[PDB]
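Novice: This is protein00.cif (mmCIF, C-alpha atoms).
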```cif
data_upload
#
loop_
_atom_site.group_PDB
_atom_site.id
_atom_site.type_symbol
_atom_site.label_atom_id
_atom_site.label_comp_id
_atom_site.auth_asym_id
_atom_site.auth_seq_id
_atom_site.Cartn_x
_atom_site.Cartn_y
_atom_site.Cartn_z
ATOM 1 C CA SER A 2 107.523 108.061 77.902
ATOM 2 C CA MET A 3 104.381 106.113 78.921
ATOM 3 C CA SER A 4 106.170 103.460 80.923
ATOM 4 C CA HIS A 5 108.041 106.431 82.409
ATOM 5 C CA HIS A 6 104.827 108.351 83.132
ATOM 6 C CA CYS A 7 102.888 105.530 84.792
ATOM 7 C CA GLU A 8 105.910 104.106 86.602
ATOM 8 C CA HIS A 9 106.523 107.618 88.038
ATOM 9 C CA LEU A 10 102.944 107.715 89.194
ATOM 10 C CA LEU A 11 103.152 104.308 90.835
ATOM 11 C CA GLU A 12 106.382 105.034 92.667
ATOM 12 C CA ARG A 13 104.882 108.290 93.969
ATOM 13 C CA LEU A 14 101.645 106.617 94.980
ATOM 14 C CA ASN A 15 103.635 104.014 96.887
ATOM 15 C CA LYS A 16 105.814 106.717 98.533
ATOM 16 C CA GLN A 17 102.654 108.463 99.650
ATOM 17 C CA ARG A 18 101.272 105.231 101.044
ATOM 18 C CA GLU A 19 104.445 104.489 102.987
ATOM 19 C CA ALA A 20 104.354 108.103 104.309
ATOM 20 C CA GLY A 21 100.709 107.904 105.370
ATOM 21 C CA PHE A 22 99.918 110.738 102.910
ATOM 22 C CA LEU A 23 96.446 111.237 101.440
ATOM 23 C CA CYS A 24 95.489 107.710 102.432
ATOM 24 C CA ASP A 25 91.702 107.868 102.584
ATOM 25 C CA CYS A 26 91.302 104.143 103.264
ATOM 26 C CA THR A 27 92.249 102.246 106.396
ATOM 27 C CA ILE A 28 91.833 98.497 105.997
ATOM 28 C CA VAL A 29 91.487 96.622 109.277
ATOM 29 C CA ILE A 30 92.091 92.923 109.715
ATOM 30 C CA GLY A 31 91.936 92.139 113.412
ATOM 31 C CA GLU A 32 94.770 94.005 115.180
ATOM 32 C CA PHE A 33 96.385 94.955 111.906
ATOM 33 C CA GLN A 34 95.693 98.212 110.100
ATOM 34 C CA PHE A 35 96.791 99.194 106.587
ATOM 35 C CA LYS A 36 96.797 102.728 105.116
ATOM 36 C CA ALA A 37 96.036 103.093 101.400
ATOM 37 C CA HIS A 38 94.263 105.107 98.693
ATOM 38 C CA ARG A 39 90.706 104.267 97.797
ATOM 39 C CA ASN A 40 91.120 105.101 94.115
ATOM 40 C CA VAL A 41 94.090 102.763 93.833
ATOM 41 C CA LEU A 42 92.362 99.913 95.646
ATOM 42 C CA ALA A 43 89.252 100.337 93.506
ATOM 43 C CA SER A 44 91.373 100.112 90.379
ATOM 44 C CA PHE A 45 92.357 96.541 91.238
ATOM 45 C CA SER A 46 89.816 95.131 93.659
ATOM 46 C CA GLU A 47 86.157 94.656 92.787
ATOM 47 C CA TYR A 48 85.506 94.206 96.495
ATOM 48 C CA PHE A 49 86.830 97.621 97.445
ATOM 49 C CA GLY A 50 85.279 99.157 94.336
ATOM 50 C CA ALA A 51 81.879 97.762 95.293
ATOM 51 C CA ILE A 52 82.338 99.182 98.777
ATOM 52 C CA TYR A 53 83.126 102.730 97.576
ATOM 53 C CA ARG A 54 79.905 102.805 95.599
ATOM 54 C CA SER A 55 78.070 102.247 98.910
ATOM 55 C CA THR A 56 79.681 104.275 101.689
ATOM 56 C CA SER A 57 82.036 107.185 102.323
ATOM 57 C CA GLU A 58 83.499 105.645 105.505
ATOM 58 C CA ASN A 59 87.239 105.414 105.007
ATOM 59 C CA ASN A 60 87.730 102.351 107.239
ATOM 60 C CA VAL A 61 87.009 98.919 105.809
ATOM 61 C CA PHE A 62 86.986 96.093 108.367
ATOM 62 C CA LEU A 63 87.714 92.742 106.753
ATOM 63 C CA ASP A 64 86.686 89.325 108.018
ATOM 64 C CA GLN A 65 89.909 87.929 109.460
ATOM 65 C CA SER A 66 88.476 84.406 109.072
ATOM 66 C CA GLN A 67 88.533 85.117 105.332
ATOM 67 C CA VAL A 68 91.753 87.086 104.903
ATOM 68 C CA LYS A 69 95.123 86.827 106.667
ATOM 69 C CA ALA A 70 96.971 90.029 107.337
ATOM 70 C CA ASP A 71 100.199 88.709 105.840
ATOM 71 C CA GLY A 72 98.258 87.755 102.688
ATOM 72 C CA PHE A 73 96.774 91.209 102.411
ATOM 73 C CA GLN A 74 100.170 92.842 103.001
ATOM 74 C CA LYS A 75 101.603 91.096 99.962
ATOM 75 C CA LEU A 76 98.536 91.849 97.957
ATOM 76 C CA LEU A 77 98.723 95.554 98.801
ATOM 77 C CA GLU A 78 102.429 95.677 97.946
ATOM 78 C CA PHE A 79 101.622 94.073 94.609
ATOM 79 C CA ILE A 80 98.916 96.668 93.961
ATOM 80 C CA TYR A 81 101.384 99.455 94.706
ATOM 81 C CA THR A 82 104.506 98.026 92.968
ATOM 82 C CA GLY A 83 103.381 95.494 90.335
ATOM 83 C CA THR A 84 105.517 92.892 92.102
ATOM 84 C CA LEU A 85 104.218 89.510 93.288
ATOM 85 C CA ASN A 86 106.809 87.080 94.613
ATOM 86 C CA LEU A 87 104.948 83.869 95.273
ATOM 87 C CA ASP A 88 106.343 80.899 97.075
ATOM 88 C CA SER A 89 105.064 77.645 98.505
ATOM 89 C CA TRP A 90 104.453 79.071 101.937
ATOM 90 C CA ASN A 91 102.653 82.362 101.151
ATOM 91 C CA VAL A 92 100.771 81.425 98.002
ATOM 92 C CA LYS A 93 97.655 79.983 99.686
ATOM 93 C CA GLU A 94 97.082 83.022 101.840
ATOM 94 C CA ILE A 95 97.785 85.425 99.009
ATOM 95 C CA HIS A 96 95.440 83.470 96.785
ATOM 96 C CA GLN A 97 92.814 83.541 99.580
ATOM 97 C CA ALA A 98 93.161 87.307 99.941
ATOM 98 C CA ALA A 99 92.965 87.977 96.219
ATOM 99 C CA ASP A 100 89.978 85.664 95.763
ATOM 100 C CA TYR A 101 88.026 87.184 98.659
ATOM 101 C CA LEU A 102 88.964 90.741 97.563
ATOM 102 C CA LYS A 103 88.520 89.860 93.877
ATOM 103 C CA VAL A 104 91.859 90.895 92.552
ATOM 104 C CA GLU A 105 91.817 88.599 89.547
ATOM 105 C CA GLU A 106 95.318 89.402 88.306
ATOM 106 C CA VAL A 107 96.670 87.761 91.421
ATOM 107 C CA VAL A 108 94.182 84.924 91.783
ATOM 108 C CA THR A 109 95.201 83.587 88.387
ATOM 109 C CA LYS A 110 98.952 84.101 89.035
ATOM 110 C CA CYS A 111 98.515 82.056 92.207
ATOM 111 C CA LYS A 112 96.713 79.029 90.812
ATOM 112 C CA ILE A 113 99.121 79.090 87.922
ATOM 113 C CA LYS A 114 101.900 78.906 90.519
ATOM 114 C CA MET A 115 100.113 76.384 92.744
ATOM 115 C CA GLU A 116 100.605 73.698 90.097
ATOM 116 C CA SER B 2 103.557 92.712 83.521
ATOM 117 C CA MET B 3 104.671 96.085 84.965
ATOM 118 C CA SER B 4 103.706 98.159 81.962
ATOM 119 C CA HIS B 5 100.472 96.145 82.131
ATOM 120 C CA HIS B 6 100.021 96.802 85.860
ATOM 121 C CA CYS B 7 100.631 100.557 85.812
ATOM 122 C CA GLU B 8 98.839 101.117 82.510
ATOM 123 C CA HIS B 9 95.800 99.309 84.019
ATOM 124 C CA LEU B 10 95.977 101.604 86.995
ATOM 125 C CA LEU B 11 96.179 104.722 84.855
ATOM 126 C CA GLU B 12 93.283 103.762 82.619
ATOM 127 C CA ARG B 13 91.166 103.049 85.709
ATOM 128 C CA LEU B 14 92.188 106.279 87.389
ATOM 129 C CA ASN B 15 91.210 108.170 84.252
ATOM 130 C CA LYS B 16 87.873 106.282 84.013
ATOM 131 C CA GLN B 17 87.164 107.255 87.595
ATOM 132 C CA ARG B 18 88.005 110.868 86.858
ATOM 133 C CA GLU B 19 85.731 110.978 83.823
ATOM 134 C CA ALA B 20 82.968 109.370 85.967
ATOM 135 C CA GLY B 21 83.383 111.839 88.828
ATOM 136 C CA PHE B 22 84.312 108.909 91.120
ATOM 137 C CA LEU B 23 86.412 109.374 94.257
ATOM 138 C CA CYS B 24 87.583 112.750 93.006
ATOM 139 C CA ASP B 25 88.620 114.526 96.194
ATOM 140 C CA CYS B 26 89.958 117.591 94.374
ATOM 141 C CA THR B 27 87.985 120.209 92.488
ATOM 142 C CA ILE B 28 90.222 122.678 90.675
ATOM 143 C CA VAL B 29 88.540 125.980 89.858
ATOM 144 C CA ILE B 30 89.736 128.413 87.235
ATOM 145 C CA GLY B 31 87.133 131.135 86.886
ATOM 146 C CA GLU B 32 83.878 129.565 85.630
ATOM 147 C CA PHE B 33 85.580 126.284 84.876
ATOM 148 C CA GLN B 34 85.741 123.400 87.327
ATOM 149 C CA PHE B 35 87.791 120.205 87.016
ATOM 150 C CA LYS B 36 87.320 116.998 89.053
ATOM 151 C CA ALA B 37 90.435 114.978 89.909
ATOM 152 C CA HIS B 38 92.274 112.918 92.536
ATOM 153 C CA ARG B 39 94.566 114.647 94.969
ATOM 154 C CA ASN B 40 97.048 111.777 95.133
ATOM 155 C CA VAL B 41 97.416 111.768 91.361
ATOM 156 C CA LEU B 42 97.847 115.531 91.123
ATOM 157 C CA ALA B 43 100.412 115.489 93.926
ATOM 158 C CA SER B 44 102.384 112.837 92.081
ATOM 159 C CA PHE B 45 103.052 115.248 89.217
ATOM 160 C CA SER B 46 102.568 118.784 90.470
ATOM 161 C CA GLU B 47 104.701 120.332 93.196
ATOM 162 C CA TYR B 48 102.093 123.073 93.446
ATOM 163 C CA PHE B 49 99.266 120.714 94.320
ATOM 164 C CA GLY B 50 101.589 118.635 96.492
ATOM 165 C CA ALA B 51 102.576 121.726 98.465
ATOM 166 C CA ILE B 52 98.904 122.565 98.884
ATOM 167 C CA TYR B 53 97.949 119.134 100.287
ATOM 168 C CA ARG B 54 100.582 119.472 102.978
ATOM 169 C CA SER B 55 98.736 122.618 104.136
ATOM 170 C CA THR B 56 94.977 122.100 103.967
ATOM 171 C CA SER B 57 92.312 119.409 103.710
ATOM 172 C CA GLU B 58 89.960 121.573 101.607
ATOM 173 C CA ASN B 59 89.256 119.670 98.417
ATOM 174 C CA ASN B 60 88.720 122.764 96.240
ATOM 175 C CA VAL B 61 91.751 124.573 94.866
ATOM 176 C CA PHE B 62 91.004 127.940 93.242
ATOM 177 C CA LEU B 63 93.673 128.903 90.730
ATOM 178 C CA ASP B 64 94.592 132.397 89.598
ATOM 179 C CA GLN B 65 93.021 132.630 86.149
ATOM 180 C CA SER B 66 95.475 135.437 85.298
ATOM 181 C CA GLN B 67 98.179 132.784 85.685
ATOM 182 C CA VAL B 68 96.547 129.700 84.185
ATOM 183 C CA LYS B 69 94.126 129.291 81.268
ATOM 184 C CA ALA B 70 91.459 126.665 81.593
ATOM 185 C CA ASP B 71 92.255 125.156 78.204
ATOM 186 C CA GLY B 72 95.919 124.899 79.262
ATOM 187 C CA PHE B 73 94.994 123.138 82.465
ATOM 188 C CA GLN B 74 92.629 120.780 80.623
ATOM 189 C CA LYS B 75 95.475 119.519 78.465
ATOM 190 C CA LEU B 76 97.760 119.316 81.420
ATOM 191 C CA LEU B 77 95.254 117.241 83.393
ATOM 192 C CA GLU B 78 94.685 114.912 80.437
ATOM 193 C CA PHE B 79 98.438 114.445 80.196
ATOM 194 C CA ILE B 80 98.623 113.623 83.907
ATOM 195 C CA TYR B 81 95.888 111.023 83.485
ATOM 196 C CA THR B 82 96.968 109.499 80.121
ATOM 197 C CA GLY B 83 100.688 110.206 79.602
ATOM 198 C CA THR B 84 99.777 111.947 76.347
ATOM 199 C CA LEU B 85 100.832 115.500 75.457
ATOM 200 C CA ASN B 86 100.054 116.657 71.932
ATOM 201 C CA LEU B 87 101.642 120.059 71.603
ATOM 202 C CA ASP B 88 101.118 122.416 68.742
ATOM 203 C CA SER B 89 101.907 126.016 67.908
ATOM 204 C CA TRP B 90 98.624 127.327 69.206
ATOM 205 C CA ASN B 91 98.295 125.532 72.576
ATOM 206 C CA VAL B 92 101.930 125.237 73.597
ATOM 207 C CA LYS B 93 102.252 128.643 75.306
ATOM 208 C CA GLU B 94 99.238 128.126 77.509
ATOM 209 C CA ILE B 95 100.186 124.562 78.334
ATOM 210 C CA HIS B 96 103.697 125.697 79.142
ATOM 211 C CA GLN B 97 102.234 128.501 81.313
ATOM 212 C CA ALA B 98 100.042 126.032 83.192
ATOM 213 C CA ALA B 99 102.834 123.538 83.763
ATOM 214 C CA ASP B 100 105.277 126.233 84.879
ATOM 215 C CA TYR B 101 102.825 127.808 87.332
ATOM 216 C CA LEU B 102 101.731 124.361 88.617
ATOM 217 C CA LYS B 103 105.308 123.039 88.498
ATOM 218 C CA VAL B 104 104.812 120.006 86.369
ATOM 219 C CA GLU B 105 108.372 119.829 85.103
ATOM 220 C CA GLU B 106 107.865 116.922 82.709
ATOM 221 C CA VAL B 107 105.652 119.168 80.639
ATOM 222 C CA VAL B 108 107.511 122.446 81.040
ATOM 223 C CA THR B 109 110.590 120.903 79.460
ATOM 224 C CA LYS B 110 108.592 119.156 76.682
ATOM 225 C CA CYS B 111 107.108 122.552 75.843
ATOM 226 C CA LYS B 112 110.271 124.623 75.586
ATOM 227 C CA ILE B 113 111.820 121.779 73.670
ATOM 228 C CA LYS B 114 108.875 122.080 71.273
ATOM 229 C CA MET B 115 108.833 125.888 71.271
ATOM 230 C CA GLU B 116 112.110 125.925 69.340
#
```
Show me this structure written as structure tokens.

Specialist:
Amino acid sequence: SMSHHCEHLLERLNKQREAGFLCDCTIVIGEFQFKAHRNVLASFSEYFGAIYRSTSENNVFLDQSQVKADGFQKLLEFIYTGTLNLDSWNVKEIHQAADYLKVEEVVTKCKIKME
Amino acid sequence: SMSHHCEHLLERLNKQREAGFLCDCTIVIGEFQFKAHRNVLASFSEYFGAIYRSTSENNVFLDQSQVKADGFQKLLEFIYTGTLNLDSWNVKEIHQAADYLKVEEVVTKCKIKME
């Protein structure tokens, strides 16, 4: 019932994101743009949460010298699915994205892996 | 991990709602107003979903002859917690709200109960 309720929610939220529906955040990293929901990002990222206490601008432009787009892609997918498939090649970038954006679930999963 | 992920999300989304944070929907039923998130409402209510394909107005004014505020309160709490505590006195109104707002999880739970 509760796994069913919140899993329903998460699937729908991810369907909306993939459809570009109600996405009130656009995250920019160089020539990459990502559509998402501010309430969802705030739920997992202290960086985005701190931002949305400070401005109503939808667009957040990230420092590309601090976050790789491919890292953020995997991080966003994790936020919207609960899935984090970490391997030797992507782990550093994903770690870097989650550390910069303060998504501590992932940071810890990464350094655990990095061993 | 996944129950943990989506339960985290849901708790945060409900904390945000109770704080009046990022709530881009105000639902009005007579002299009652409710703050919520449009993406969350759309995930569970075909009525609200159909609305957000049609307008960008945040406020939705409901027909109070079709939905009681106390019914909608319990329905909203369910949406944001996964919890639906139905008893003889509230079940009709909650049913009426979920039928009008097409939240089929609840409609069925109600008529199941109503036996």

Novice: Can you turn the PyMOL selection byres ((chain B) within 7 of (chain A)) into a concrete residue list for this file, as a PDB file with C-alpha atoms, keeping the file's coordinate frame?

Specialist:
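The resulting file, expr12.pdb, is reproduced below:
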```
ATOM      1  CA  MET B   3     104.671  96.085  84.965  1.00  0.00           C
ATOM      2  CA  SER B   4     103.706  98.159  81.962  1.00  0.00           C
ATOM      3  CA  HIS B   6     100.021  96.802  85.860  1.00  0.00           C
ATOM      4  CA  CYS B   7     100.631 100.557  85.812  1.00  0.00           C
ATOM      5  CA  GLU B   8      98.839 101.117  82.510  1.00  0.00           C
ATOM      6  CA  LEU B  10      95.977 101.604  86.995  1.00  0.00           C
ATOM      7  CA  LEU B  11      96.179 104.722  84.855  1.00  0.00           C
ATOM      8  CA  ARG B  13      91.166 103.049  85.709  1.00  0.00           C
ATOM      9  CA  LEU B  14      92.188 106.279  87.389  1.00  0.00           C
ATOM     10  CA  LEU B  23      86.412 109.374  94.257  1.00  0.00           C
ATOM     11  CA  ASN B  40      97.048 111.777  95.133  1.00  0.00           C
ATOM     12  CA  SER B  44     102.384 112.837  92.081  1.00  0.00           C
ATOM     13  CA  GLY B  83     100.688 110.206  79.602  1.00  0.00           C
TER      14      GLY B  83
END
```

Novice: Record the distance separating atom CA of residue 29 of chain B and atom CA of residue 59 of chain A, expressed in Å with one decimal.

Specialist: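 It comes out at 25.6 Å.
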
Novice: Between atom CA of residue 87 of chain A and atom CA of residue 109 of chain A, measure the distance and give it in Å to one decimal.

Specialist: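 Computing the Euclidean distance for atom CA of residue 87 of chain A and atom CA of residue 109 of chain A yields 11.9 Å.
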
Novice: Which polymer residues, protein or nucleic acid, are no farther than 12 Å from (91.6, 134.5, 88.4), counting all atoms listed in the file, as a PDB file with C-alpha atoms, in the coordinates of the input?

Specialist:
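Contents of the output file part-v1.pdb:
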```
ATOM      1  CA  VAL B  29      88.540 125.980  89.858  1.00  0.00           C
ATOM      2  CA  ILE B  30      89.736 128.413  87.235  1.00  0.00           C
ATOM      3  CA  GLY B  31      87.133 131.135  86.886  1.00  0.00           C
ATOM      4  CA  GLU B  32      83.878 129.565  85.630  1.00  0.00           C
ATOM      5  CA  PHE B  33      85.580 126.284  84.876  1.00  0.00           C
ATOM      6  CA  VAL B  61      91.751 124.573  94.866  1.00  0.00           C
ATOM      7  CA  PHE B  62      91.004 127.940  93.242  1.00  0.00           C
ATOM      8  CA  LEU B  63      93.673 128.903  90.730  1.00  0.00           C
ATOM      9  CA  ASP B  64      94.592 132.397  89.598  1.00  0.00           C
ATOM     10  CA  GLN B  65      93.021 132.630  86.149  1.00  0.00           C
ATOM     11  CA  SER B  66      95.475 135.437  85.298  1.00  0.00           C
ATOM     12  CA  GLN B  67      98.179 132.784  85.685  1.00  0.00           C
ATOM     13  CA  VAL B  68      96.547 129.700  84.185  1.00  0.00           C
ATOM     14  CA  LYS B  69      94.126 129.291  81.268  1.00  0.00           C
ATOM     15  CA  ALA B  70      91.459 126.665  81.593  1.00  0.00           C
TER      16      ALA B  70
END
```

Novice: Expanded to explicit residues, what is the PyMOL selection byres ((chain A and resi 105) around 12) for this file, as a ChimeraX atom specification?

Specialist: /A:44-48,76,80,95-104,106-112

Novice: Hey, can you check how far atom CA of residue 49 of chain B sits from atom CA of residue 60 of chain A?

Specialist: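 So the two atoms, atom CA of residue 49 of chain B and atom CA of residue 60 of chain A, lie 25.2 Å apart.
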
Novice: Filtering to N, CA and C atoms, could segment 22-45 of chain B of the supplied structure be written out as a short mmCIF file (atom, residue, chain, number, x, y, z; two decimals), in the first residue's frame?

Specialist:
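Everything below was put into decode-v4.cif:
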```cif
data_model
loop_
_atom_site.label_atom_id
_atom_site.label_comp_id
_atom_site.auth_asym_id
_atom_site.auth_seq_id
_atom_site.Cartn_x
_atom_site.Cartn_y
_atom_site.Cartn_z
N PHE B 22 5.78 25.68 1.05
CA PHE B 22 6.97 25.80 0.19
C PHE B 22 6.79 25.17 -1.19
N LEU B 23 7.02 25.98 -2.22
CA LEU B 23 6.94 25.57 -3.61
C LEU B 23 5.56 25.05 -4.01
N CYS B 24 4.54 25.47 -3.27
CA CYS B 24 3.20 24.99 -3.58
C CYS B 24 2.61 25.84 -4.68
N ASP B 25 2.57 25.31 -5.89
CA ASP B 25 2.14 26.06 -7.06
C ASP B 25 0.65 25.85 -7.38
N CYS B 26 -0.05 25.20 -6.47
CA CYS B 26 -1.48 25.00 -6.58
C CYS B 26 -2.08 25.50 -5.30
N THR B 27 -3.14 26.31 -5.42
CA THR B 27 -4.08 26.58 -4.33
C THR B 27 -5.47 26.11 -4.73
N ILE B 28 -5.99 25.15 -3.99
CA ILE B 28 -7.31 24.59 -4.23
C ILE B 28 -8.28 25.30 -3.31
N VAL B 29 -9.33 25.86 -3.89
CA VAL B 29 -10.33 26.60 -3.13
C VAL B 29 -11.66 25.85 -3.12
N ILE B 30 -12.22 25.69 -1.93
CA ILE B 30 -13.54 25.12 -1.81
C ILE B 30 -14.24 26.05 -0.87
N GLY B 31 -15.10 26.92 -1.40
CA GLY B 31 -15.72 27.95 -0.58
C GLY B 31 -14.71 28.81 0.18
N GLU B 32 -14.79 28.80 1.51
CA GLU B 32 -13.95 29.69 2.34
C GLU B 32 -12.75 28.92 2.87
N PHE B 33 -12.52 27.76 2.29
CA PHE B 33 -11.35 26.96 2.57
C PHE B 33 -10.38 27.04 1.42
N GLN B 34 -9.10 27.12 1.76
CA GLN B 34 -8.02 27.09 0.78
C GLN B 34 -7.00 26.06 1.19
N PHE B 35 -6.49 25.30 0.22
CA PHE B 35 -5.45 24.29 0.45
C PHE B 35 -4.23 24.51 -0.48
N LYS B 36 -3.04 24.49 0.11
CA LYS B 36 -1.80 24.67 -0.63
C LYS B 36 -1.29 23.29 -1.01
N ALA B 37 -0.83 23.11 -2.25
CA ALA B 37 -0.25 21.84 -2.65
C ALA B 37 0.63 22.00 -3.88
N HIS B 38 1.20 20.89 -4.35
CA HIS B 38 2.04 20.87 -5.54
C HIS B 38 1.31 20.28 -6.74
N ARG B 39 1.32 20.99 -7.84
CA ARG B 39 0.59 20.52 -9.00
C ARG B 39 1.11 19.18 -9.52
N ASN B 40 2.40 18.91 -9.41
CA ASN B 40 2.89 17.67 -10.00
C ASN B 40 2.42 16.47 -9.17
N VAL B 41 2.26 16.71 -7.89
CA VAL B 41 1.86 15.66 -6.96
C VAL B 41 0.38 15.39 -7.16
N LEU B 42 -0.42 16.44 -7.19
CA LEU B 42 -1.85 16.28 -7.47
C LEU B 42 -2.12 15.59 -8.80
N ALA B 43 -1.37 15.97 -9.84
CA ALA B 43 -1.57 15.36 -11.15
C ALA B 43 -1.23 13.88 -11.13
N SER B 44 -0.33 13.48 -10.25
CA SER B 44 0.10 12.09 -10.20
C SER B 44 -1.02 11.18 -9.72
N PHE B 45 -2.01 11.75 -9.03
CA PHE B 45 -3.05 10.94 -8.41
C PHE B 45 -4.47 11.28 -8.82
#
```
